[PDB]
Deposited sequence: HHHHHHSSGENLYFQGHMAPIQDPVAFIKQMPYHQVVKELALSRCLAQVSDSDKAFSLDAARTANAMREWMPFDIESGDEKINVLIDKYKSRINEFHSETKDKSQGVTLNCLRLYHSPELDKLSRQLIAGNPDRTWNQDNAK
């Protein structure tokens, strides 16, 4: 009730990002898909969001898929030794998203300069 109007360009905010950041958005979204119920609407939404990111960057799909997925696998299942009741899978995905490892990989998986944006390459 009292819902806001539809979003006209859903990926406008992605198209303004440097490509290395788009890779991180894909990685985060897929991590979230993998740590939630594969047979649920949220997990499916996150998976499709991750996959859709590839349209907006010159991503190296053939090698990049498994390189990203192996890295996700190194973060997503960690047991969090919290100090002083959930497992913190969301926290694991955030740790991945901010990791130096993902930051390094995010630059390697982009054809050309990883600091360019989709808008730069397609709109102007």
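When the deposited sequence is counted from residue 1, which ranges lack any model?
Those stretches are 1 to 14, 99 to 102, listed in order.
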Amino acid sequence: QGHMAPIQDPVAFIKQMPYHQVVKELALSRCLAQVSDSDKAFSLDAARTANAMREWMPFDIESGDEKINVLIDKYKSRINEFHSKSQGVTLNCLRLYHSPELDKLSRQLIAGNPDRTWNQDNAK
From here on, numbers count along this sequence of modelled residues.
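Once you work out the mean C-alpha B-factor for both 59 to 67 and 90 to 98 from the entry, which is higher?
Taking the mean C-alpha B-factor of 90 to 98 and of 59 to 67, the larger value falls to 59 to 67.
Of 72 to 80 and 22 to 30, the stretch whose C-alpha atoms average the higher B-factor in the entry:
Higher mean C-alpha B-factor: 72 to 80.
Select lowest, middle or highest to describe the third in which the CA B-factor of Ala41 falls within its chain in this entry.
Ranked within chain, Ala41 CA B lands in the highest tercile.
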